[PDB]
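The form deposited in one PDB entry is given below as one chain in structure tokens.
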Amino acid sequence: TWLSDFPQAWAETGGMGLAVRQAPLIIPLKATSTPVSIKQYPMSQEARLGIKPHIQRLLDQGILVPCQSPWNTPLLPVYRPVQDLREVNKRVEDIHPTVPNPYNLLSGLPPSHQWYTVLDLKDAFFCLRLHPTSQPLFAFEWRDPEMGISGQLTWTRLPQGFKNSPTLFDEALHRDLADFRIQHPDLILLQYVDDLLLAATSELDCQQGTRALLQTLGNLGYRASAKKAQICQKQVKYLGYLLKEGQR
């Protein structure tokens, strides 16, 4: 089965990812920026208890670490933690947006390629490391009033809610898949951040190309959702479109 054949490639079996070929990212600030420290709006016990197991898992995974930082932005409970990084985003230097819009991306799908595999990378941003010099930027406060600990945590990986994460991830995965494209010039590979479409001429070519892509992704440290994967189908859902007999 596709599951047991590629244990490293699936999030279900391969552990949390880590893009081992990608250097830890340095996040340049705008020329005039200084740190901003926003105090944490008090959180209800219900919200804190809802968020806590997620924080603990991220700590265990090394994705969060304790820190002391002159930067601080608030968490809101939505329960899962959502960080309001808008004041950090304002102080970080802009980069050119290189993620194509889905309409244009899909124009690169020729009618000769009607066998599809769609993969969704799990916890994609967390696969990219942050350089230690840039980690303090993203700090937030975490307290356990029944455990005594009251200090800051920050991210060791590219965080959710940071304005440049989608573009930085898209560019990093493009670098890591450049050789795959060269070794498989008969295949079409569309990348939209963490959403991938592979297109082939035939069921066999799609099967072989999908095996090659899963092997490559897992080897590089990325992880795809086995649950959501659409493997070697003539009909798939990709980026909100239904892809059927060349249409859409």
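Quick note: we count residues from 1 along the sequence shown, nothing fancier. For clarity, a rigid core is taken as the largest C-alpha set superposing within 1.5 Å between two forms.
Beyond the structure shown, there is the form deposited in another entry, which is absent from this document and is the topic of what follows.
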Can you spot, among 45, 34, 68, 183, the one with a CA shift of 2 Å or more between the shown form and the other one after core superposition?
45
Just checking, between the shown form and the other one and with the core aligned, does residue 160 shift 2 Å or more at the CA?
no
With both forms fitted on the core, give yes or no for whether the Cα of residue 101 moves by 2 angstroms or more between the shown form and the other one.
yes
Work out whether the Cα atoms of residue 100 and residue 162 come closer together or move farther apart in that other deposited form than they are in this form, the change being 3 angstroms or more.
farther
Did residue 99 and residue 73 drift closer or farther in that other deposited form, going by a CA distance change of 3 angstroms or more?
farther
